[PDB]
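Novice: For reference, the file query.cif (mmCIF, N, CA and C atoms) is included below:
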data_query
#
loop_
_atom_site.label_atom_id
_atom_site.label_comp_id
_atom_site.auth_asym_id
_atom_site.auth_seq_id
_atom_site.Cartn_x
_atom_site.Cartn_y
_atom_site.Cartn_z
N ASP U 56 -20.12 12.20 9.75
CA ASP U 56 -21.23 11.86 8.87
C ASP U 56 -20.71 11.02 7.72
N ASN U 57 -21.41 9.93 7.40
CA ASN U 57 -20.90 8.99 6.41
C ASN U 57 -20.73 9.63 5.04
N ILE U 58 -21.64 10.52 4.65
CA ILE U 58 -21.57 11.12 3.32
C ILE U 58 -20.36 12.04 3.21
N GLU U 59 -20.13 12.87 4.23
CA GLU U 59 -18.97 13.75 4.22
C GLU U 59 -17.66 12.99 4.36
N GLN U 60 -17.70 11.74 4.81
CA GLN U 60 -16.50 10.92 4.85
C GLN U 60 -16.25 10.21 3.54
N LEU U 61 -17.30 9.85 2.81
CA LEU U 61 -17.11 9.29 1.47
C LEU U 61 -16.67 10.37 0.49
N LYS U 62 -17.19 11.59 0.64
CA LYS U 62 -16.81 12.66 -0.27
C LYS U 62 -15.33 12.98 -0.18
N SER U 63 -14.69 12.62 0.93
CA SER U 63 -13.26 12.88 1.07
C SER U 63 -12.45 12.03 0.10
N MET U 64 -12.94 10.84 -0.22
CA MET U 64 -12.18 9.92 -1.06
C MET U 64 -12.45 10.16 -2.54
N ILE U 65 -13.71 10.37 -2.91
CA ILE U 65 -14.11 10.41 -4.31
C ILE U 65 -14.73 11.75 -4.69
N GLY U 66 -14.67 12.75 -3.83
CA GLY U 66 -15.26 14.03 -4.16
C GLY U 66 -14.48 15.24 -3.67
N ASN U 67 -13.17 15.07 -3.48
CA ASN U 67 -12.34 16.10 -2.88
C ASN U 67 -11.66 16.92 -3.97
N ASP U 68 -11.69 18.24 -3.83
CA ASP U 68 -11.03 19.10 -4.80
C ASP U 68 -9.55 19.28 -4.52
N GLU U 69 -9.17 19.31 -3.24
CA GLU U 69 -7.76 19.43 -2.88
C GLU U 69 -6.98 18.19 -3.29
N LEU U 70 -7.53 17.01 -3.03
CA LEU U 70 -6.92 15.77 -3.49
C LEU U 70 -6.78 15.76 -5.01
N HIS U 71 -7.81 16.21 -5.71
CA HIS U 71 -7.78 16.30 -7.16
C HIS U 71 -6.63 17.18 -7.64
N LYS U 72 -6.53 18.38 -7.08
CA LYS U 72 -5.49 19.32 -7.49
C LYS U 72 -4.10 18.76 -7.23
N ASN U 73 -3.89 18.15 -6.06
CA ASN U 73 -2.57 17.62 -5.73
C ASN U 73 -2.20 16.44 -6.62
N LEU U 74 -3.16 15.55 -6.90
CA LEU U 74 -2.89 14.44 -7.81
C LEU U 74 -2.53 14.94 -9.20
N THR U 75 -3.20 16.00 -9.66
CA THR U 75 -2.87 16.55 -10.97
C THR U 75 -1.46 17.13 -10.99
N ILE U 76 -1.08 17.84 -9.92
CA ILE U 76 0.28 18.38 -9.83
C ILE U 76 1.31 17.27 -9.92
N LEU U 77 1.11 16.20 -9.15
CA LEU U 77 2.09 15.12 -9.14
C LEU U 77 2.15 14.40 -10.48
N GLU U 78 1.01 14.24 -11.15
CA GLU U 78 1.01 13.61 -12.47
C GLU U 78 1.80 14.45 -13.47
N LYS U 79 1.58 15.76 -13.47
CA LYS U 79 2.35 16.64 -14.35
C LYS U 79 3.84 16.52 -14.07
N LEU U 80 4.21 16.50 -12.79
CA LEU U 80 5.63 16.38 -12.43
C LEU U 80 6.23 15.09 -12.96
N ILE U 81 5.52 13.97 -12.80
CA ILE U 81 6.07 12.69 -13.24
C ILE U 81 6.22 12.66 -14.76
N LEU U 82 5.22 13.16 -15.49
CA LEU U 82 5.35 13.16 -16.95
C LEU U 82 6.49 14.05 -17.41
N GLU U 83 6.60 15.25 -16.84
CA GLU U 83 7.67 16.16 -17.22
C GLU U 83 9.04 15.62 -16.84
N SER U 84 9.11 14.75 -15.83
CA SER U 84 10.36 14.06 -15.51
C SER U 84 10.62 12.87 -16.42
N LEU U 85 9.57 12.28 -16.99
CA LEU U 85 9.76 11.19 -17.94
C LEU U 85 10.25 11.70 -19.29
N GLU U 86 9.82 12.89 -19.71
CA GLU U 86 10.26 13.38 -21.02
C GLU U 86 11.71 13.84 -20.98
N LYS U 87 12.06 14.71 -20.04
CA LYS U 87 13.42 15.23 -19.95
C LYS U 87 14.34 14.27 -19.20
N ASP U 88 14.54 13.07 -19.74
CA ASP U 88 15.33 12.04 -19.10
C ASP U 88 16.71 11.97 -19.75
N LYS U 89 17.50 10.99 -19.32
CA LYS U 89 18.79 10.70 -19.95
C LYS U 89 18.76 9.36 -20.69
N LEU U 90 18.21 8.32 -20.06
CA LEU U 90 17.99 7.04 -20.72
C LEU U 90 16.60 7.06 -21.34
N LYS U 91 16.53 6.72 -22.62
CA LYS U 91 15.28 6.81 -23.38
C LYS U 91 15.01 5.49 -24.09
N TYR U 92 14.41 4.56 -23.35
CA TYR U 92 13.80 3.31 -23.80
C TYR U 92 12.33 3.56 -24.11
N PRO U 93 11.47 2.53 -24.08
CA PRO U 93 10.81 2.04 -25.29
C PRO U 93 10.63 3.02 -26.43
N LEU U 94 11.10 2.54 -27.58
CA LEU U 94 11.01 3.16 -28.88
C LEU U 94 10.25 2.23 -29.81
N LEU U 95 10.02 2.69 -31.03
CA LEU U 95 9.10 2.00 -31.93
C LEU U 95 9.72 0.77 -32.58
N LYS U 96 9.09 0.29 -33.65
CA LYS U 96 9.43 -0.84 -34.51
C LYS U 96 8.99 -2.18 -33.90
N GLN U 97 8.42 -2.18 -32.69
CA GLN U 97 7.69 -3.35 -32.22
C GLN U 97 6.33 -3.34 -32.89
N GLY U 98 5.39 -4.13 -32.38
CA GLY U 98 4.02 -3.98 -32.82
C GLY U 98 3.57 -2.53 -32.71
N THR U 99 3.36 -2.07 -31.47
CA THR U 99 3.33 -0.65 -31.12
C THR U 99 2.18 0.10 -31.78
N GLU U 100 1.44 -0.58 -32.65
CA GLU U 100 0.16 -0.09 -33.14
C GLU U 100 -0.98 -1.06 -32.87
N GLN U 101 -0.78 -2.35 -33.15
CA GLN U 101 -1.69 -3.36 -32.66
C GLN U 101 -1.44 -3.68 -31.19
N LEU U 102 -0.23 -3.42 -30.70
CA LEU U 102 0.11 -3.62 -29.30
C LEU U 102 -0.34 -2.44 -28.44
N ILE U 103 0.10 -1.23 -28.79
CA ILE U 103 -0.21 -0.04 -28.00
C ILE U 103 -0.83 1.01 -28.92
N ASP U 104 -1.63 1.89 -28.34
CA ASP U 104 -2.36 2.89 -29.11
C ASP U 104 -1.57 4.20 -29.12
N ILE U 105 -1.03 4.56 -30.28
CA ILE U 105 -0.20 5.77 -30.39
C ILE U 105 -1.03 7.04 -30.39
N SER U 106 -2.34 6.95 -30.60
CA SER U 106 -3.15 8.16 -30.65
C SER U 106 -3.23 8.86 -29.29
N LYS U 107 -2.95 8.15 -28.21
CA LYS U 107 -2.97 8.72 -26.87
C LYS U 107 -1.58 9.11 -26.37
N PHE U 108 -0.53 8.71 -27.06
CA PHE U 108 0.84 8.94 -26.61
C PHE U 108 1.44 10.13 -27.35
N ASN U 109 2.71 10.39 -27.05
CA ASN U 109 3.42 11.57 -27.56
C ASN U 109 4.82 11.14 -27.96
N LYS U 110 5.14 11.23 -29.24
CA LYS U 110 6.43 10.80 -29.74
C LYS U 110 7.43 11.95 -29.76
N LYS U 111 8.67 11.63 -29.41
CA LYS U 111 9.79 12.56 -29.50
C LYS U 111 10.91 11.89 -30.28
N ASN U 112 11.88 12.69 -30.71
CA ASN U 112 12.95 12.22 -31.58
C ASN U 112 14.28 12.25 -30.85
N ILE U 113 15.07 11.20 -31.03
CA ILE U 113 16.38 11.10 -30.40
C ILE U 113 17.41 11.82 -31.26
N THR U 114 18.24 12.65 -30.63
CA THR U 114 19.31 13.34 -31.32
C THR U 114 20.61 12.53 -31.23
N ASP U 115 21.69 13.12 -31.74
CA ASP U 115 23.01 12.50 -31.80
C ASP U 115 23.03 11.27 -32.71
N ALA U 116 21.85 10.83 -33.15
CA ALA U 116 21.67 9.73 -34.08
C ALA U 116 20.19 9.64 -34.42
N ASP U 117 19.89 9.33 -35.68
CA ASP U 117 18.52 9.13 -36.13
C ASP U 117 18.12 7.66 -36.04
N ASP U 118 18.23 7.07 -34.86
CA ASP U 118 17.89 5.66 -34.69
C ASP U 118 16.38 5.46 -34.78
N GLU U 119 15.63 6.03 -33.83
CA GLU U 119 14.18 5.90 -33.84
C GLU U 119 13.60 6.93 -32.87
N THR U 120 12.31 6.79 -32.60
CA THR U 120 11.57 7.70 -31.73
C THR U 120 10.99 6.90 -30.57
N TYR U 121 11.01 7.49 -29.38
CA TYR U 121 10.51 6.82 -28.19
C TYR U 121 9.18 7.43 -27.76
N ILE U 122 8.48 6.69 -26.91
CA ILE U 122 7.09 6.96 -26.57
C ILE U 122 7.02 7.59 -25.18
N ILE U 123 6.01 8.44 -24.98
CA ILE U 123 5.79 9.12 -23.72
C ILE U 123 4.28 9.19 -23.48
N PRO U 124 3.80 8.87 -22.28
CA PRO U 124 2.36 9.01 -22.01
C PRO U 124 1.95 10.47 -21.97
N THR U 125 0.64 10.68 -21.94
CA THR U 125 0.10 12.03 -21.91
C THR U 125 -0.90 12.18 -20.77
N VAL U 126 -1.51 13.36 -20.66
CA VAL U 126 -2.52 13.60 -19.63
C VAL U 126 -3.84 12.92 -19.95
N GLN U 127 -4.05 12.54 -21.21
CA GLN U 127 -5.29 11.91 -21.63
C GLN U 127 -5.18 10.40 -21.77
N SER U 128 -4.06 9.81 -21.38
CA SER U 128 -3.91 8.36 -21.43
C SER U 128 -4.73 7.71 -20.33
N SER U 129 -5.38 6.60 -20.66
CA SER U 129 -6.25 5.91 -19.72
C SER U 129 -5.43 4.94 -18.87
N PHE U 130 -6.12 4.08 -18.12
CA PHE U 130 -5.43 3.18 -17.19
C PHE U 130 -4.73 2.04 -17.93
N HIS U 131 -5.39 1.45 -18.92
CA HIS U 131 -4.81 0.31 -19.61
C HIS U 131 -3.68 0.71 -20.55
N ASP U 132 -3.74 1.93 -21.09
CA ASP U 132 -2.59 2.48 -21.79
C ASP U 132 -1.36 2.46 -20.90
N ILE U 133 -1.51 2.87 -19.64
CA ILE U 133 -0.38 2.91 -18.74
C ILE U 133 0.05 1.50 -18.34
N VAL U 134 -0.89 0.56 -18.26
CA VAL U 134 -0.51 -0.83 -18.02
C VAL U 134 0.44 -1.32 -19.12
N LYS U 135 0.04 -1.13 -20.38
CA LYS U 135 0.87 -1.61 -21.48
C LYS U 135 2.19 -0.85 -21.55
N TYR U 136 2.16 0.45 -21.25
CA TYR U 136 3.39 1.23 -21.22
C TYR U 136 4.36 0.70 -20.17
N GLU U 137 3.83 0.27 -19.03
CA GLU U 137 4.69 -0.31 -18.00
C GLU U 137 5.27 -1.64 -18.45
N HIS U 138 4.47 -2.45 -19.15
CA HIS U 138 5.02 -3.68 -19.75
C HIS U 138 6.22 -3.38 -20.64
N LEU U 139 6.08 -2.38 -21.51
CA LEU U 139 7.18 -2.05 -22.42
C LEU U 139 8.39 -1.52 -21.67
N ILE U 140 8.17 -0.66 -20.67
CA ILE U 140 9.26 -0.16 -19.83
C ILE U 140 10.04 -1.32 -19.23
N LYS U 141 9.32 -2.30 -18.68
CA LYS U 141 10.00 -3.41 -18.02
C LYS U 141 10.80 -4.25 -19.00
N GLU U 142 10.22 -4.54 -20.17
CA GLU U 142 10.96 -5.30 -21.18
C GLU U 142 12.25 -4.58 -21.57
N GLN U 143 12.15 -3.29 -21.88
CA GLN U 143 13.33 -2.54 -22.29
C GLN U 143 14.36 -2.43 -21.17
N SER U 144 13.92 -2.39 -19.92
CA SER U 144 14.88 -2.34 -18.82
C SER U 144 15.59 -3.67 -18.63
N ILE U 145 14.87 -4.78 -18.77
CA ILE U 145 15.52 -6.08 -18.65
C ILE U 145 16.52 -6.29 -19.78
N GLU U 146 16.25 -5.74 -20.97
CA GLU U 146 17.19 -5.91 -22.07
C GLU U 146 18.54 -5.26 -21.77
N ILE U 147 18.56 -3.93 -21.65
CA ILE U 147 19.81 -3.20 -21.43
C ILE U 147 20.05 -2.95 -19.95
N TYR U 148 20.70 -3.89 -19.27
CA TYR U 148 20.93 -3.78 -17.84
C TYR U 148 22.41 -3.93 -17.55
N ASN U 149 23.01 -2.90 -16.97
CA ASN U 149 24.36 -2.94 -16.45
C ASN U 149 24.34 -2.54 -14.98
N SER U 150 25.40 -2.90 -14.26
CA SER U 150 25.51 -2.48 -12.87
C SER U 150 25.83 -1.00 -12.74
N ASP U 151 26.34 -0.37 -13.79
CA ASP U 151 26.65 1.05 -13.73
C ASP U 151 25.38 1.89 -13.64
N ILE U 152 24.36 1.52 -14.41
CA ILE U 152 23.14 2.31 -14.50
C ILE U 152 22.01 1.70 -13.67
N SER U 153 22.32 0.75 -12.80
CA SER U 153 21.27 0.01 -12.11
C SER U 153 20.50 0.84 -11.09
N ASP U 154 20.77 2.14 -10.97
CA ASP U 154 20.04 2.98 -10.04
C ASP U 154 19.06 3.93 -10.72
N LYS U 155 19.12 4.06 -12.05
CA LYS U 155 18.15 4.83 -12.80
C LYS U 155 17.00 3.98 -13.31
N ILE U 156 17.28 2.71 -13.61
CA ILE U 156 16.23 1.77 -13.97
C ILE U 156 15.22 1.64 -12.84
N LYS U 157 15.71 1.57 -11.60
CA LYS U 157 14.81 1.44 -10.46
C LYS U 157 13.93 2.67 -10.30
N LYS U 158 14.51 3.86 -10.48
CA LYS U 158 13.71 5.09 -10.40
C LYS U 158 12.63 5.12 -11.47
N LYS U 159 13.00 4.75 -12.70
CA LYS U 159 12.02 4.68 -13.78
C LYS U 159 10.86 3.77 -13.40
N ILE U 160 11.16 2.58 -12.89
CA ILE U 160 10.12 1.61 -12.56
C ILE U 160 9.22 2.14 -11.44
N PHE U 161 9.82 2.75 -10.42
CA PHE U 161 9.04 3.26 -9.30
C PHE U 161 8.07 4.35 -9.75
N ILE U 162 8.55 5.33 -10.52
CA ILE U 162 7.65 6.41 -10.90
C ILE U 162 6.61 5.96 -11.92
N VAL U 163 6.89 4.94 -12.73
CA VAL U 163 5.85 4.43 -13.61
C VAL U 163 4.75 3.74 -12.81
N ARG U 164 5.12 3.00 -11.77
CA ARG U 164 4.10 2.43 -10.89
C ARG U 164 3.27 3.52 -10.22
N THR U 165 3.91 4.63 -9.86
CA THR U 165 3.17 5.74 -9.26
C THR U 165 2.18 6.35 -10.24
N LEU U 166 2.56 6.51 -11.51
CA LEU U 166 1.59 6.95 -12.52
C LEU U 166 0.41 6.00 -12.62
N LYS U 167 0.69 4.70 -12.68
CA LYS U 167 -0.38 3.73 -12.79
C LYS U 167 -1.35 3.83 -11.62
N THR U 168 -0.84 4.16 -10.42
CA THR U 168 -1.74 4.33 -9.28
C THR U 168 -2.53 5.64 -9.37
N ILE U 169 -1.88 6.72 -9.82
CA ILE U 169 -2.54 8.02 -9.86
C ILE U 169 -3.71 8.01 -10.83
N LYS U 170 -3.56 7.33 -11.97
CA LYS U 170 -4.67 7.26 -12.93
C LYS U 170 -5.91 6.62 -12.30
N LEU U 171 -5.71 5.47 -11.65
CA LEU U 171 -6.82 4.77 -11.02
C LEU U 171 -7.43 5.60 -9.90
N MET U 172 -6.62 6.36 -9.17
CA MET U 172 -7.19 7.23 -8.14
C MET U 172 -7.97 8.38 -8.75
N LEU U 173 -7.60 8.83 -9.94
CA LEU U 173 -8.27 9.96 -10.57
C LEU U 173 -9.56 9.58 -11.28
N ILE U 174 -9.75 8.31 -11.63
CA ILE U 174 -10.99 7.90 -12.30
C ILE U 174 -12.25 8.39 -11.56
N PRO U 175 -12.48 8.03 -10.29
CA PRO U 175 -13.74 8.44 -9.65
C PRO U 175 -13.84 9.93 -9.41
N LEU U 176 -12.73 10.62 -9.15
CA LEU U 176 -12.78 12.06 -8.96
C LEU U 176 -13.21 12.77 -10.23
N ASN U 177 -12.65 12.38 -11.37
CA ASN U 177 -13.07 12.94 -12.64
C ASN U 177 -14.52 12.59 -12.95
N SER U 178 -14.97 11.40 -12.55
CA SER U 178 -16.37 11.05 -12.77
C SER U 178 -17.29 11.93 -11.92
N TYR U 179 -16.87 12.27 -10.71
CA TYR U 179 -17.74 13.02 -9.81
C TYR U 179 -17.74 14.51 -10.10
N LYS U 180 -16.63 15.06 -10.61
CA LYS U 180 -16.53 16.51 -10.75
C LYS U 180 -17.60 17.07 -11.67
N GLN U 181 -18.13 16.26 -12.59
CA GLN U 181 -19.08 16.74 -13.58
C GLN U 181 -20.43 16.04 -13.51
N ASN U 182 -20.68 15.25 -12.48
CA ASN U 182 -21.97 14.60 -12.29
C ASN U 182 -22.58 14.85 -10.93
N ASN U 183 -21.76 14.93 -9.88
CA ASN U 183 -22.22 15.08 -8.50
C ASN U 183 -23.18 13.95 -8.11
N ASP U 184 -22.62 12.74 -8.13
CA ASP U 184 -23.36 11.54 -7.77
C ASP U 184 -22.36 10.49 -7.30
N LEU U 185 -22.44 10.11 -6.02
CA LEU U 185 -21.43 9.23 -5.45
C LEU U 185 -21.59 7.80 -5.94
N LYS U 186 -22.83 7.31 -6.01
CA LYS U 186 -23.05 5.94 -6.47
C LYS U 186 -22.59 5.77 -7.91
N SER U 187 -22.83 6.77 -8.76
CA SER U 187 -22.38 6.68 -10.14
C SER U 187 -20.86 6.73 -10.25
N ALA U 188 -20.20 7.51 -9.39
CA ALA U 188 -18.74 7.54 -9.41
C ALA U 188 -18.16 6.19 -9.00
N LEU U 189 -18.70 5.59 -7.94
CA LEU U 189 -18.23 4.27 -7.54
C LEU U 189 -18.50 3.23 -8.62
N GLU U 190 -19.66 3.32 -9.28
CA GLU U 190 -19.98 2.36 -10.33
C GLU U 190 -19.12 2.57 -11.57
N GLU U 191 -18.68 3.80 -11.83
CA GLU U 191 -17.76 4.03 -12.94
C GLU U 191 -16.38 3.47 -12.64
N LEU U 192 -15.90 3.67 -11.41
CA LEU U 192 -14.67 3.01 -10.99
C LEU U 192 -14.77 1.51 -11.17
N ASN U 193 -15.89 0.92 -10.75
CA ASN U 193 -16.06 -0.52 -10.89
C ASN U 193 -16.14 -0.93 -12.36
N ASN U 194 -16.79 -0.12 -13.18
CA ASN U 194 -16.94 -0.46 -14.59
C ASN U 194 -15.59 -0.50 -15.28
N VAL U 195 -14.88 0.63 -15.32
CA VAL U 195 -13.58 0.53 -15.98
C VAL U 195 -12.52 0.13 -14.96
#
Using structure tokens, write down the structure that the file contains.

Specialist:
Amino acid sequence: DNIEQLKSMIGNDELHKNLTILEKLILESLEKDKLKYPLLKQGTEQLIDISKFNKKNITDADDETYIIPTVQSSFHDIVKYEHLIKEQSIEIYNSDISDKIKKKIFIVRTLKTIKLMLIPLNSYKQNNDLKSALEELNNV
């Protein structure tokens, strides 16, 4: 049935739960890292919105504070965060660490995909309307 096949993509609770688990895992792996790029002193307020992010402090030196996404960050926040990740990775690049930069980039792309997949599911969970969920995906 066409309706029960569309509900699998934009109205599934199991897909919702699993996507949330993976998002939590990726964020918790981004915070407890070893290499900690993008940090402040760029635009970072007119450039990126700090009200949706989460700042932490670097130890062993009081250089600056680096940025971390949150569960409430939207899609374009993650777009800009990926821009900053890529700039900071291109800056400090050695062949010794060239295998952690790649992991960082891959999991940030995965976050960017998970947010877009979660838009229509979050729209449907509290409205129960398929056309409105698709139109919300199209809108933002």

Novice: Spell out the residues picked by the PyMOL selection byres ((chain U and resi 111) around 6) here, as a ChimeraX atom specification.

Specialist: /U:109-110,112-113,120-122

Novice: Just the number, please: distance in Å from atom N of residue 129 (chain U) to CA of residue 107 (chain U), one decimal.

Specialist: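 Answer for the atom N of residue 129 (chain U) to CA of residue 107 (chain U) separation: 7.0 Å.
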
Novice: Per residue of region 136-179 of chain U within 8 Å of region 63-66 of chain U, record the nearest atom pair and its distance in Å to one decimal, counting only C-alpha atoms, with rows in chain order and ascending residue number, as a Markdown table.

Specialist:
| residue | atom | partner | partner_atom | distance |
| --- | --- | --- | --- | --- |
| U:175 | CA | U:65 | CA | 5.7 |
| U:176 | CA | U:65 | CA | 5.1 |
| U:179 | CA | U:66 | CA | 6.3 |

Novice: Please provide as a ChimeraX atom specification all residues within 8 Å of residue 78 (chain U), with the sequence filter that same-chain residues fewer than 2 positions apart are discarded (counting all atoms listed in the file).

Specialist: /U:72-76,80-84,126,165-166,169-170

Novice: Please extract the residues of chain U with a backbone DSSP assignment of helix (DSSP H, G or I) and present them as a ChimeraX atom specification.

Specialist: /U:57-65,68-86,105-107,130-146,155-180,185-194

Novice: Ranking U:115, U:132, U:56, U:184 by minimum distance to residue 103 (chain U) and counting all atoms listed in the file, which one comes first?

Specialist: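 Nearest to residue 103 (chain U): U:132.
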